[PDB]
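Everything on this sheet refers to the single structure shown next.
Only this structure's heavy atoms are used, side chains among them; waters, hydrogens and symmetry mates stay out. Labels below follow one simple rule: chain letters A, B, ... track the order of the sequence lines, proteins then strands, and each chain is numbered from 1.
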There are 2 protein chains.
Amino acid sequence: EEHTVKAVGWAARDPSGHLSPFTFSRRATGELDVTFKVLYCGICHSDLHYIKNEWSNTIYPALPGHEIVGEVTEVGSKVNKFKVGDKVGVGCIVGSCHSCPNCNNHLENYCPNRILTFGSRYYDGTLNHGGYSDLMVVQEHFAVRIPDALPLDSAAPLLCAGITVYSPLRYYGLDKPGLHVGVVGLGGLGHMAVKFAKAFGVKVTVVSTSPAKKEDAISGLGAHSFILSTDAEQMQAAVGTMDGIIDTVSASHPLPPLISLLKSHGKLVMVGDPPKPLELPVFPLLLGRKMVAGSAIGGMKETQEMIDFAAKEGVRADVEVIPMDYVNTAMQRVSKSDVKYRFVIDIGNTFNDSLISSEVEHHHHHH
Amino acid sequence: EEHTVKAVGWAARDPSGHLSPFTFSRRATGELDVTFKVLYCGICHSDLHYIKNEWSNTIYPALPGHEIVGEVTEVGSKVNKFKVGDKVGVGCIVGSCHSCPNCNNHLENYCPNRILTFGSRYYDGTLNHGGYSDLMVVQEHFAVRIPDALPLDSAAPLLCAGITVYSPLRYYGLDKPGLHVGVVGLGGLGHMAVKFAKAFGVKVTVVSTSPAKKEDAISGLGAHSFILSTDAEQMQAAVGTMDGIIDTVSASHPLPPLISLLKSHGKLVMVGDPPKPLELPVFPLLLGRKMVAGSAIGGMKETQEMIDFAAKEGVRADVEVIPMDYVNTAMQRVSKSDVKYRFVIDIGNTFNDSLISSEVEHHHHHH
Ligand SMILES: [Zn+2]
Ligand SMILES: [Zn+2]
Ligand SMILES: [Zn+2]
Ligand SMILES: [Zn+2]
């Protein structure tokens with residue numbers, strides 16, 4: 001009888017990026033799906049880029065949001081891992097092929113046929129709409145369980161910003177007590193990198209061009225050290241001291257000074273995306289057996305592991321919780337990195353309020 | 001009584017690079033030294049670069065050679081690991097600090113205070129002269145044992161060319177049966193990379209701009225496959241097929257086509273040194289969790305391991321054995337990569353012959 005259900009979200013209609021209400025269909029709960037009421041959605045810079053057509057390949061209407069937390073309302077007839085009332089999360093992926101080496105190794109994020117939460121179509125040919133919405137539907141394999149111990153309002157950023165830095169900290173071996181890791185960029189990603197590295201027992205140094213970020217790094221986040229990258233004496237004092245660097249900056253910046261901070265066998269891991277190629281001198285990689293490497297989000301198994309780790313170790317994103325109807329103002333602030341350090345929309349308490357008509361009640365006397 | 005001993009070598013006196021006889025002192029055998037009669041010395045491109053003052057920091061007289069094999073003639077009073085008559089090798093390093101984390105982890109080649117076989121001074125303040133000489137003296141820690149099973153004439157290139165590719169094949173995990181590894185550049189380094197990868201049970205593809213190298217790779221070296229990098233269909237057919245690539249080319253070449261050949265989690269290891277920085281687009285490193293990394297030579301323990309491995313598995317460099325007095329002609333040929341694939345000077349059988357006066361005997365009748 002019922003093949004789709006009605007959902008409501010805030011969506012952009014053109015490259016202005018202006019968000020407004022949008023009513024659309026989602027699939028009804030299939031045998032292996034989970035339907036949930038959205039309670040919080042983090043705001044990612046990718047959300048802004050997509051609604052602004054930054055890559056010239058946005059499909060409008062464009063409904064972003066891929067840091068999605070909520071409460072299960074319906075489970076498919078074959079679903080066993082979730083029950084009604086469970087708190088769940090959805091990140092950047094909602095599908096993959098389940099029969100390639102990456103999928104088979106818990107790396108759906110590197111599946112060549114991965115399906116992103118938005119900027120893509122589902123197997124049904126329907127456009128994928130994200131988490132700035134009241135209701136979400138996801139195949140069970142692509143939902144994670146959120147523990148009771150974890151506050152839901154600050155959990156949401158783990159699903160993209162958190163996993164983006166957790167995954168390479170683990171894969172590149174930058175998670176053992178006593179190591180020294182540098183973090184470049186102190187925005188949403190960078191602040192999660194400091195938090196997870198601290199929780200692993202790693203000594204964390206924030207590297208920044210801005211003297212104002214010293215207070216943020218040291219007093220705000222509890223980083224072990226700060227280097228002002230424009231001060232040559234500070235950069236020189238730190239030559240060859242870092243086991244690795246998580247570089248979160250998606251803007252031009254010089255690479256050689258960062259390679260110099262690395263110890264031999266050190267790893268510069270990029271998780272940001274600068275728009276132009278960067279200039280890589282090979283000799284210093286040879287002389288010190290150094291590397292420059294990349295990573296993107298994380299697979300499902302590790303996403304669940306990370307959530308469990310955060311719950312147990314006390315890791316919490318620093319969030320600014322906002323009503324849905326503030327989202328366009330938030331987007332202007334995100335474009336200036338004017339948040340410490342992530343916006344989270346309180347969908348559960350504010351979304352419907354944003355839809356309620358503000359037409360003043362009146363008799364119509366003038367004819 | 002005797003603090004130094006007389007040695008003879010062929011040395012350059014200026015940036016012409018022209019080699020001729022040169023008589024000089026080496027230290028007498030100290031308590032932990034090994035003195036040996038040189039039997040073979042491989043010719044490395046670094047030898048040519050140094051004698052030609054390529055880095056503007058050559059000290060003349062310049063006596064290169066760092067692929068040195070010979071027979072022990074004297075051992076210091078505290079030396080136990082070598083005896084008179086043992087066959088020994090010396091590579092690129094003759095000293096290090098023995099009290100840094102790299103030394104303590106068998107990585108004297110990444111010691112900040114490493115002492116290179118030439119282009120450096122020893123602790124005695126004396127200039128280090130290389131292996132194009134009759135007699136060498138080295139601290140025991142920096143000599144390796146050459147097994148009986150290994151022919152000495154083709155062993156010499158293992159000491160630089162061999163270890164340069166063996167070490168990263170091992171460190172970067174490109175040594176397990178069934179993996180697929182690409183080799184860029186089929187000169188001295190590249191041909192050793194094919195040989196070691198084959199011996200590990202790895203499938204090896206040679207990548208080249210030259211159609212002529214197909215026959216060399218396939219018929220000569222026994223590589224599993226060849227890709228002509230100028231043929232777009234061939235490059236496209238091989239997208240995402242390699243676990244890793246050993247790139248031996250010290251010349252400008254495009255990086256993105258090589259990154260494209262890598263599988264997810266693939267590793268492009270550079271062991272050559274292009275003179276300009278290369279252009280590294282970050283996005284493909286992120287999307288596939290790929291890396292670009294470097295390596296230089298190998299530490300002493302691994303050098304010995306490699307020699308033992310070569311002996312046991314039948315690995316032999318393809319060498320052109322030459323007399324000492326041909327070395328200047330060889331240098332012109334090395335500058336054009338006109339060797340398949342390494343020159344080795346037969347010091348033991350030809351060096352003294354190169355010194356013998358060719359003055360014709362005559363009465364002096366014209367006064
Ligand atoms: Zn994101
Ligand atoms: Zn897949
Ligand atoms: Zn060499
Ligand atoms: Zn050392």
query = What distance separates A:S295 OG from B:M291 CE, expressed to the nearest 0.5 Å?
reply = 11.0 Å

ask   = Would you find more than 12 non-hydrogen atoms of other residues, nucleotides or ligands less than 6.0 Å from B:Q234 atom CD?
value = yes

task = Please identify each residue that fulfils ring pair (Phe, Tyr, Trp, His ring centres under 6.0 Å) with A:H98, with sequence neighbours left out.
result = A:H141, A:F142

key: Test side chain to side chain donor-acceptor pair (under 3.5 Å) applied to B:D247 - qualifying residues, sequence neighbours left out   = B:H253

remark   = Assert top hit (heavy-atom pairs under 4.5 Å, partner chain A, pool B:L286, B:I297, B:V292) equals B:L286

inquiry  = Could you measure the distance from the CG atom of B:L278 to the CG atom of A:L278? Nearest 0.5 Å is fine.
reply    = 11.5 Å

Contact origin within A:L107 toward chain B - heavy atom pairs under 4.5 Å = side chain

ask   = For chain B, which residues from residues 262-274 of chain A have at least one heavy atom closer than 4.5 Å to it?
value = A:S264, A:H265, A:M270, A:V271, A:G272, A:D273, A:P274

query = Does anything in residues 166-174 of chain A get under 4.5 Å of chain B by heavy atoms, and if so which residues?
reply = A:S167, A:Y171, A:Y172

